[PDB]
Each structure stands twice: as structure tokens, then as C-alpha cells.
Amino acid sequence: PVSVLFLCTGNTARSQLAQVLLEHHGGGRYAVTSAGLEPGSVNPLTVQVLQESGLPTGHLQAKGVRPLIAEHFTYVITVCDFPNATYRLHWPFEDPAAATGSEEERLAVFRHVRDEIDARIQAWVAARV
């Protein structure tokens, strides 16, 4: 399969959303990984908005990129504003975890970013047949 690595800063939100959404829309065609430069912890709101869409999240872990330093990926897609890859793509998305307000207000931002990443991934899988 085609290997994709999604990279954000903490591996808590954007790169996790992208990982799960490519797993959904791409199916077995893609071996998908996500990582951050400084791993944190998966944000509960990330899980909430993915689960709202019926997407499973029990396999999600915030992980650092260092143990992957020697790996090669067909695509390394940076989702926040890696040495060895065929293609390096940049898809900047707003950090939903930087939004402030009540849980409901923040969830709205998480949903907006989820839907935007979902749209980009759908178009990207389709433009590859």
C-alpha cells in the first residue's frame, strides 16, 4: 500500500483527525501513521468529534516522530503551520486545540476542522484513483 505519515506538533488533534479520516476514506490502499514533534495526549474533543462521525478511536495514541526518523513514507503530509519521503505535502489547518471557550464552543471548532480535513482527504483519495 501507499504509506502516509501525518505530522502535527503534539499528535493530539489535527494529525489524529487526518489519520482516522484517511483510514476511513482510503481503506486498505494506504498504510497511515501520525506523529508529532513533541507528543502530548490525544485531546478528548478529538475523540468526541471522530466518534460523532462513527469513526473508531480506540487505537489512537499521541506519539513522537523520533522513532520513525529512519522510516520512509511515500507521502509526509504536514498538517501544522521529516527527512526521508517521496512527496512532502503541506495542508495547514487551524489548530482546534488552541480554540478557547466552553467545551461546546471548542467542540464546534473541532467539528469545523474535522469536516475540513475530511473534505481534503476525500478529494485527495479521489484524485489518485
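Throughout, we count residues from 1 along the sequence that is shown.
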Missing residues, deposited sequence, between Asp81 and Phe82 (class: none, 1 to 3, 4 to 9, 10 or more)
4 to 9
Comparing 21-29 with 109-117, the one whose average Cα B-factor in the PDB entry is higher
21-29
Check the entry's C-alpha temperature factors for 50-58 and 63-71, then say which stretch has the higher mean.
63-71
Selection by C-alpha B-factor (highest) of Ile77, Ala35, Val42, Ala85
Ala85
